[PDB]
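Here is the file data.pdb (PDB, C-alpha atoms).
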MODEL        1
ATOM      1  CA  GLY U   1      85.796  76.672 138.672
ATOM      2  CA  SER U   2      88.628  74.876 136.893
ATOM      3  CA  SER U   3      88.243  73.243 133.478
ATOM      4  CA  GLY U   4      90.759  70.501 132.755
ATOM      5  CA  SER U   5      92.290  70.225 129.292
ATOM      6  CA  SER U   6      95.510  69.695 127.338
ATOM      7  CA  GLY U   7      96.982  70.931 124.069
ATOM      8  CA  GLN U   8      98.503  74.028 122.487
ATOM      9  CA  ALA U   9      97.683  77.725 122.842
ATOM     10  CA  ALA U  10      95.111  79.384 120.585
ATOM     11  CA  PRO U  11      96.164  81.524 117.592
ATOM     12  CA  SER U  12      96.147  85.328 117.591
ATOM     13  CA  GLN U  13      93.266  87.472 116.339
ATOM     14  CA  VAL U  14      93.679  89.281 113.018
ATOM     15  CA  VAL U  15      93.157  93.014 113.521
ATOM     16  CA  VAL U  16      94.056  94.087 109.985
ATOM     17  CA  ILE U  17      91.437  93.981 107.230
ATOM     18  CA  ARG U  18      91.039  95.918 103.982
ATOM     19  CA  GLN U  19      88.586  95.894 101.074
ATOM     20  CA  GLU U  20      90.120  95.065  97.694
ATOM     21  CA  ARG U  21      86.968  95.298  95.578
ATOM     22  CA  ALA U  22      83.393  95.898  96.731
ATOM     23  CA  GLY U  23      80.984  94.511  94.152
ATOM     24  CA  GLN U  24      77.223  94.971  93.923
ATOM     25  CA  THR U  25      76.433  91.482  95.213
ATOM     26  CA  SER U  26      79.976  90.297  95.926
ATOM     27  CA  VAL U  27      82.667  91.768  98.177
ATOM     28  CA  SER U  28      86.380  91.050  98.575
ATOM     29  CA  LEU U  29      88.607  91.191 101.656
ATOM     30  CA  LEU U  30      92.310  91.492 102.476
ATOM     31  CA  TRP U  31      93.931  90.760 105.837
ATOM     32  CA  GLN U  32      97.395  89.922 107.166
ATOM     33  CA  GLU U  33      98.827  86.997 109.131
ATOM     34  CA  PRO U  34      98.167  86.882 112.899
ATOM     35  CA  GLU U  35     101.002  88.068 115.140
ATOM     36  CA  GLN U  36     101.277  84.666 116.821
ATOM     37  CA  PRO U  37      99.584  81.782 114.961
ATOM     38  CA  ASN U  38     100.761  79.257 117.552
ATOM     39  CA  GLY U  39     100.932  76.512 114.941
ATOM     40  CA  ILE U  40      99.732  75.829 111.406
ATOM     41  CA  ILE U  41      96.572  77.585 110.228
ATOM     42  CA  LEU U  42      94.274  75.438 108.087
ATOM     43  CA  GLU U  43      92.098  78.262 106.765
ATOM     44  CA  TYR U  44      90.553  81.605 107.717
ATOM     45  CA  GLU U  45      86.817  81.783 108.409
ATOM     46  CA  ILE U  46      85.011  85.017 107.545
ATOM     47  CA  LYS U  47      81.648  86.029 109.003
ATOM     48  CA  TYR U  48      79.341  88.254 106.956
ATOM     49  CA  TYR U  49      75.765  89.200 107.838
ATOM     50  CA  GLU U  50      73.240  91.945 107.089
ATOM     51  CA  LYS U  51      74.521  94.914 109.093
ATOM     52  CA  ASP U  52      71.005  96.311 109.490
ATOM     53  CA  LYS U  53      69.406  92.864 109.664
ATOM     54  CA  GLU U  54      71.079  90.672 112.284
ATOM     55  CA  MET U  55      70.239  87.064 111.421
ATOM     56  CA  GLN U  56      70.728  84.457 114.148
ATOM     57  CA  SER U  57      72.353  82.169 111.582
ATOM     58  CA  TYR U  58      75.404  83.942 110.166
ATOM     59  CA  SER U  59      77.161  82.850 106.974
ATOM     60  CA  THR U  60      80.792  81.737 107.158
ATOM     61  CA  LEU U  61      83.411  81.725 104.400
ATOM     62  CA  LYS U  62      86.406  79.393 104.143
ATOM     63  CA  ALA U  63      89.567  81.053 102.829
ATOM     64  CA  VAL U  64      92.926  79.359 102.268
ATOM     65  CA  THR U  65      94.750  82.601 101.479
ATOM     66  CA  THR U  66      94.770  86.124 102.912
ATOM     67  CA  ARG U  67      92.318  86.964 100.130
ATOM     68  CA  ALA U  68      88.622  86.086  99.944
ATOM     69  CA  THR U  69      85.398  87.107  98.202
ATOM     70  CA  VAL U  70      81.917  86.759  99.693
ATOM     71  CA  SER U  71      79.274  86.163  97.024
ATOM     72  CA  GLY U  72      75.511  85.791  97.292
ATOM     73  CA  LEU U  73      74.605  89.058  99.003
ATOM     74  CA  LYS U  74      72.054  91.813  98.400
ATOM     75  CA  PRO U  75      72.830  95.192  96.780
ATOM     76  CA  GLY U  76      72.572  98.487  98.639
ATOM     77  CA  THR U  77      72.888  96.601 101.918
ATOM     78  CA  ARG U  78      75.572  97.020 104.579
ATOM     79  CA  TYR U  79      77.393  93.865 105.673
ATOM     80  CA  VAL U  80      79.526  93.234 108.758
ATOM     81  CA  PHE U  81      82.552  91.128 107.828
ATOM     82  CA  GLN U  82      84.759  89.343 110.361
ATOM     83  CA  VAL U  83      87.875  87.326 109.536
ATOM     84  CA  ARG U  84      89.285  84.824 112.029
ATOM     85  CA  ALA U  85      91.994  82.155 112.106
ATOM     86  CA  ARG U  86      91.189  78.524 112.901
ATOM     87  CA  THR U  87      93.678  75.885 114.044
ATOM     88  CA  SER U  88      93.324  72.170 114.778
ATOM     89  CA  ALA U  89      94.210  72.976 118.387
ATOM     90  CA  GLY U  90      91.195  75.236 118.821
ATOM     91  CA  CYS U  91      89.636  78.469 117.588
ATOM     92  CA  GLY U  92      90.449  82.156 117.940
ATOM     93  CA  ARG U  93      88.342  85.301 118.230
ATOM     94  CA  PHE U  94      86.807  87.300 115.380
ATOM     95  CA  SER U  95      88.465  90.430 113.992
ATOM     96  CA  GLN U  96      87.064  93.918 114.566
ATOM     97  CA  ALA U  97      83.560  94.653 113.282
ATOM     98  CA  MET U  98      84.204  95.724 109.689
ATOM     99  CA  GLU U  99      81.465  97.770 108.022
ATOM    100  CA  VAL U 100      81.098  97.567 104.241
ATOM    101  CA  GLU U 101      78.326  98.618 101.859
ATOM    102  CA  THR U 102      77.767  97.003  98.461
ATOM    103  CA  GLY U 103      77.047  98.925  95.273
ATOM    104  CA  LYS U 104      73.506 100.289  95.183
ATOM    105  CA  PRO U 105      71.224  99.104  92.348
ATOM    106  CA  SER U 106      70.195 102.659  91.469
ATOM    107  CA  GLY U 107      73.293 102.760  89.286
ATOM    108  CA  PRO U 108      77.032 102.076  88.908
ATOM    109  CA  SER U 109      79.736 102.958  91.433
ATOM    110  CA  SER U 110      81.342 105.766  89.432
ATOM    111  CA  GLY U 111      79.802 108.196  86.962
TER     112      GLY U 111
ENDMDL
END

Re-express the file's structure as structure tokens.
Amino acid sequence: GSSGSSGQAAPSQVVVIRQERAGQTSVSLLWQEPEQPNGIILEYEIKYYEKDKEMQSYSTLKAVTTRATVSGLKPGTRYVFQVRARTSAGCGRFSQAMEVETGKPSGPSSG
């Protein structure tokens, strides 16, 4: 009905994300600052999981800057990345479902 609480408003939700370099097992990301942070942002948490294989336990990545690189993935496998801003006050929502595919093992990226 009515939950009682006190504090500051939650930060905005980053809706801008770009891929800097997509490695075979590692992938990089690039997003911008949230319209309204509503305070100081400690770090951005990214969520990456097997696009095809949805695992209950998703892996998170702590990033201090607008740049990050997720390592420890499988080649030739799509991964859904999701960057979000976290603030002492609370937590915001996850960015849009970003689809990215790593470099297939068959061979290199270019040829």

Which residues match the PyMOL selection byres ((chain U and resi 40) around 12) in the file above, as an NGL selection string? :U and (8-12 or 33-34 or 36-39 or 41-44 or 64 or 85-90)

I'd like to see the residues matched by the PyMOL selection byres ((chain U and resi 53-55) around 12) on this file, and ideally I'd get them as number ranges by chain. U: 47-52, 56-59, 74, 77-80

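Closest to residue 30 (chain U) among U:110, U:82, U:13, U:60 is U:82, based on all atoms listed in the file.
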
Just the residues within 6 Å of residue 76 (chain U), please, counting only C-alpha atoms, with nothing from its chain fewer than 6 positions along; format it as a PDB file with C-alpha atoms, keeping the file's coordinate frame.
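Saved as selection-v1.pdb:
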ATOM      1  CA  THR U 102      77.767  97.003  98.461  1.00  0.00           C
ATOM      2  CA  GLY U 103      77.047  98.925  95.273  1.00  0.00           C
ATOM      3  CA  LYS U 104      73.506 100.289  95.183  1.00  0.00           C
TER       4      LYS U 104
END

Do a neighbour search on residue 31 (chain U) at 9 Å with only C-alpha atoms, toss out local chain neighbours closer than 2 positions, and write the hits as a list in words.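 Selected residues are residues 14, 15, 16, 17, 18, 19, 29, 33, 66, 67 and 83 of chain U.
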
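CA of residue 7 (chain U) is found 29.3 Å from CA of residue 97 (chain U).
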
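From CA of residue 27 (chain U) back to CA of residue 72 (chain U), the distance works out to 9.4 Å.
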
Name the residues that the PyMOL selection byres ((chain U and resi 62) around 6) pulls out of this structure, and write them as a VMD selection string. chain U and resid 44 to 45 61 63

For a test of reading the model, state the distance in Å between CA of residue 107 (chain U) and CA of residue 25 (chain U), rounded to one decimal.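 The value is 13.1 Å.
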
For each of U:35, U:95, U:1, U:6, take the minimum atom-to-atom distance to residue 81 (chain U), counting all atoms listed in the file, then give the residue where this is smallest. U:95

With only C-alpha atoms as the atoms that count, which of U:109, U:3, U:71, U:96 lies nearest to residue 26 (chain U)?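 Under the stated criterion, the closest residue is U:71.
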
Padding 3 Å on every side, please: axis-aligned box over the listed atoms of region 16-20 of chain U, centre and edge lengths to one decimal in Å, as AutoDock Vina command-line options.
--center_x 91.3 --center_y 94.9 --center_z 103.8 --size_x 11.5 --size_y 7.9 --size_z 18.3

Could you please fill out region 15-49 of chain U with N, CA and C atoms and send it back as an mmCIF file, in the frame of the given file?
data_model
loop_
_atom_site.group_PDB
_atom_site.id
_atom_site.type_symbol
_atom_site.label_atom_id
_atom_site.label_comp_id
_atom_site.auth_asym_id
_atom_site.auth_seq_id
_atom_site.Cartn_x
_atom_site.Cartn_y
_atom_site.Cartn_z
ATOM 1 N N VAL U 15 93.721 91.690 113.291
ATOM 2 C CA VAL U 15 93.157 93.014 113.521
ATOM 3 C C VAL U 15 93.379 93.923 112.318
ATOM 4 N N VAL U 16 93.806 93.331 111.206
ATOM 5 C CA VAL U 16 94.056 94.087 109.985
ATOM 6 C C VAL U 16 93.223 93.550 108.826
ATOM 7 N N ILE U 17 92.300 94.373 108.339
ATOM 8 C CA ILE U 17 91.437 93.981 107.230
ATOM 9 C C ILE U 17 91.188 95.153 106.287
ATOM 10 N N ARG U 18 91.258 94.886 104.988
ATOM 11 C CA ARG U 18 91.039 95.918 103.982
ATOM 12 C C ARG U 18 90.192 95.384 102.830
ATOM 13 N N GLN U 19 89.442 96.277 102.192
ATOM 14 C CA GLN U 19 88.586 95.894 101.074
ATOM 15 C C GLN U 19 89.307 96.092 99.745
ATOM 16 N N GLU U 20 89.448 95.008 98.987
ATOM 17 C CA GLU U 20 90.120 95.065 97.694
ATOM 18 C C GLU U 20 89.163 95.535 96.603
ATOM 19 N N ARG U 21 87.973 94.942 96.572
ATOM 20 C CA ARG U 21 86.968 95.298 95.578
ATOM 21 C C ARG U 21 85.563 95.000 96.095
ATOM 22 N N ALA U 22 84.760 96.048 96.246
ATOM 23 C CA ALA U 22 83.393 95.898 96.731
ATOM 24 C C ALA U 22 82.401 95.860 95.574
ATOM 25 N N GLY U 23 81.933 94.660 95.240
ATOM 26 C CA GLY U 23 80.984 94.511 94.152
ATOM 27 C C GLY U 23 79.560 94.805 94.581
ATOM 28 N N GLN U 24 78.629 94.710 93.637
ATOM 29 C CA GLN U 24 77.223 94.971 93.923
ATOM 30 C C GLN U 24 76.633 93.871 94.800
ATOM 31 N N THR U 25 76.935 92.623 94.458
ATOM 32 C CA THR U 25 76.433 91.482 95.213
ATOM 33 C C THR U 25 77.576 90.692 95.841
ATOM 34 N N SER U 26 78.798 90.983 95.407
ATOM 35 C CA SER U 26 79.976 90.297 95.926
ATOM 36 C C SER U 26 80.986 91.298 96.479
ATOM 37 N N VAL U 27 81.670 90.908 97.551
ATOM 38 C CA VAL U 27 82.667 91.768 98.177
ATOM 39 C C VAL U 27 83.948 90.999 98.474
ATOM 40 N N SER U 28 85.084 91.672 98.326
ATOM 41 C CA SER U 28 86.380 91.050 98.575
ATOM 42 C C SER U 28 86.986 91.563 99.878
ATOM 43 N N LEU U 29 87.945 90.815 100.411
ATOM 44 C CA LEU U 29 88.607 91.191 101.656
ATOM 45 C C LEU U 29 90.115 90.983 101.554
ATOM 46 N N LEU U 30 90.857 91.610 102.460
ATOM 47 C CA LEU U 30 92.310 91.492 102.476
ATOM 48 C C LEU U 30 92.861 91.728 103.878
ATOM 49 N N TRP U 31 93.370 90.667 104.493
ATOM 50 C CA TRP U 31 93.931 90.760 105.837
ATOM 51 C C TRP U 31 95.360 90.227 105.868
ATOM 52 N N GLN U 32 96.023 90.387 107.009
ATOM 53 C CA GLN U 32 97.395 89.922 107.166
ATOM 54 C C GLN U 32 97.467 88.764 108.156
ATOM 55 N N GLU U 33 98.630 88.122 108.225
ATOM 56 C CA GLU U 33 98.827 86.997 109.131
ATOM 57 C C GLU U 33 98.791 87.456 110.586
ATOM 58 N N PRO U 34 98.271 86.589 111.468
ATOM 59 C CA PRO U 34 98.167 86.882 112.899
ATOM 60 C C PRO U 34 99.527 86.913 113.585
ATOM 61 N N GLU U 35 99.741 87.925 114.422
ATOM 62 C CA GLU U 35 101.002 88.068 115.140
ATOM 63 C C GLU U 35 101.569 86.703 115.521
ATOM 64 N N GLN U 36 100.845 85.987 116.376
ATOM 65 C CA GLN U 36 101.277 84.666 116.821
ATOM 66 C C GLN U 36 100.232 83.609 116.482
ATOM 67 N N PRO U 37 100.491 82.841 115.413
ATOM 68 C CA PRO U 37 99.584 81.782 114.961
ATOM 69 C C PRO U 37 99.548 80.600 115.923
ATOM 70 N N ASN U 38 100.666 80.359 116.600
ATOM 71 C CA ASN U 38 100.761 79.257 117.552
ATOM 72 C C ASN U 38 100.512 77.919 116.862
ATOM 73 N N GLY U 39 101.102 77.748 115.684
ATOM 74 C CA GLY U 39 100.932 76.512 114.941
ATOM 75 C C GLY U 39 100.603 76.753 113.482
ATOM 76 N N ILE U 40 100.090 75.723 112.816
ATOM 77 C CA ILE U 40 99.732 75.829 111.406
ATOM 78 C C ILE U 40 98.249 76.141 111.238
ATOM 79 N N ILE U 41 97.953 77.184 110.471
ATOM 80 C CA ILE U 41 96.572 77.585 110.228
ATOM 81 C C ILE U 41 96.006 76.889 108.994
ATOM 82 N N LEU U 42 94.916 76.154 109.186
ATOM 83 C CA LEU U 42 94.274 75.438 108.087
ATOM 84 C C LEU U 42 93.641 76.411 107.098
ATOM 85 N N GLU U 43 92.771 77.279 107.605
ATOM 86 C CA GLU U 43 92.098 78.262 106.765
ATOM 87 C C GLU U 43 91.424 79.336 107.616
ATOM 88 N N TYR U 44 91.188 80.496 107.015
ATOM 89 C CA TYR U 44 90.553 81.605 107.717
ATOM 90 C C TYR U 44 89.050 81.628 107.454
ATOM 91 N N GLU U 45 88.271 81.749 108.524
ATOM 92 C CA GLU U 45 86.817 81.783 108.409
ATOM 93 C C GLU U 45 86.294 83.209 108.550
ATOM 94 N N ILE U 46 85.571 83.671 107.535
ATOM 95 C CA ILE U 46 85.011 85.017 107.545
ATOM 96 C C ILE U 46 83.516 84.989 107.838
ATOM 97 N N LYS U 47 83.058 85.940 108.646
ATOM 98 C CA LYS U 47 81.648 86.029 109.003
ATOM 99 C C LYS U 47 81.020 87.297 108.434
ATOM 100 N N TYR U 48 80.023 87.123 107.573
ATOM 101 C CA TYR U 48 79.341 88.254 106.956
ATOM 102 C C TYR U 48 77.828 88.132 107.119
ATOM 103 N N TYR U 49 77.207 89.188 107.630
ATOM 104 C CA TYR U 49 75.765 89.200 107.838
ATOM 105 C C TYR U 49 75.195 90.601 107.631
#
